[PDB]
Amino acid sequence: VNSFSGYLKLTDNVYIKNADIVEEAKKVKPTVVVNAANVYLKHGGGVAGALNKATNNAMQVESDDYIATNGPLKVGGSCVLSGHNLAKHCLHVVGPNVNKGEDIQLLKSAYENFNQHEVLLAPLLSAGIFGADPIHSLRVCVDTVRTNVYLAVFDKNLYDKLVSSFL
Ligand SMILES: O[C@@H]1CC[C@H](Nc2ncnc3[nH]ccc23)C1
């Protein structure tokens, strides 16, 4: 039993809700919140900008130190950093950005990072400003993630489309 509430169950291990991931993280305090990161951990907009804003820019400060030490992430890769006031940990995962021409097949690799964590609160990778089809992202999530994932979808209209079209 965990504290996630109001989710629709899609599969044995994947759950979905119309929610603001920032507000969901603030209420649940999950062990892991996933950020829709880029390779530079520049959290300017989309989910990343919203998560970072909710940390009063502490996520960005920590991220800049991480990059200065380690260099950029790989597309499809991840790193674990602090969850600040939102979660114990933040798993920064880099899905491909279609608006940069990145290969969509890397979306499966990106979701594989979730399997290193037993339970996660997450957005749909490569959705929103990353330019992928959220319906495809949900399919890859379901077919790749084996651990327990709670997906927060900000837009009510998209949420309804994802549920109604789910196979
Ligand atoms: O990137 C586009 C634009 C926003 C959508 N993604 C999100 N999904 C869950 N919670 C969120 N809070 C803020 C954004 C957000 C998709």
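- Structure determination for this entry, per the PDB record, employed X-ray crystallography and reached 1.0500 Å resolution.

1. Thoughts on the side chain of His117
Phase 1 of the analysis: With respect to the helices and strands, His117 occurs in the loop between α4 (106-112) and β6 (119-122).
Phase 2 of the analysis: Judged by relative accessible area, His117 falls into the buried class, the value being 17%.
Phase 3 of the analysis: If near-sequence neighbours (up to four positions away) are discounted, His117 is found in contact with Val32, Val80, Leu91 and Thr147.

2. Examining the site of the ligand
Phase 1 of the analysis: Surrounding the ligand, one finds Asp20, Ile21, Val47, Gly128, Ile129, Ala152 and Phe154.
Phase 2 of the analysis: One of the side-chain N or O atoms of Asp20 is found 3.5 Å from a nitrogen atom in the ligand.
Phase 3 of the analysis: Interatomic distance of 3.4 Å between a backbone N/O atom of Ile21 and a nitrogen atom of the ligand.
Phase 4 of the analysis: When the ligand sits alone it has 370 Å² of accessible area, and the protein chains cover 76% of it.
Phase 5 of the analysis: If you map the ligand onto the pockets, it falls in the largest pocket.
Phase 6 of the analysis: Grouping the amino acids of the shell around the ligand by side-chain chemistry returns 5 nonpolar, 1 polar and 1 charged.

Rules used throughout
- Residue numbers count from 1 along every chain, following the sequence as written rather than necessarily the entry numbering; any residue without coordinates is not displayed.
- Side-chain calculation: all heavy atoms of the structure are included, whereas hydrogens and water are not.
- Strands are runs of DSSP state E lasting at least two residues, helices are runs of H or I lasting at least four, and both sets are numbered from the N terminus onward.
- Accessibility here uses a 1.4 Å probe with only protein chains present; expressed as a share of the type maximum, an area under 20% marks a residue as buried, one over 50% as exposed, and anything in between as partly exposed.
- Here a residue-residue contact requires only that any non-hydrogen atoms of the pair lie within 4.5 Å.
- Residue proximity to a molecule or strand is established when one non-hydrogen atom of the residue lies within 4 Å of it.
- We call two N or O atoms a polar contact when they sit within 3.5 Å, provided that within protein one can donate a hydrogen and the other can accept it, with sequence-adjacent residues counted only if both atoms are side-chain atoms.
- To measure how exposed things are, a 1.4 Å probe is used in the Shrake-Rupley method; for residues, cover is taken only from the protein chains shown.
- Definitions used throughout: a 1 Å grid over protein atoms alone; a cavity as a set of points that fits a 1.4 Å probe which cannot get out; a pocket as an open set with protein on both sides within 12 Å along at least five of seven lines; a lining residue as one with an atom within 4 Å of a point.
- A cavity or pocket is said to hold a molecule if more than half of that molecule's atoms lie within 2 Å of its grid points.
- Note that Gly is not counted as nonpolar here; it falls among the polar residues with everything else outside the nonpolar set of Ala, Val, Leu, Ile, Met, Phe, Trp, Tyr, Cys and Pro and the charged set of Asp, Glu, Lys and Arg.

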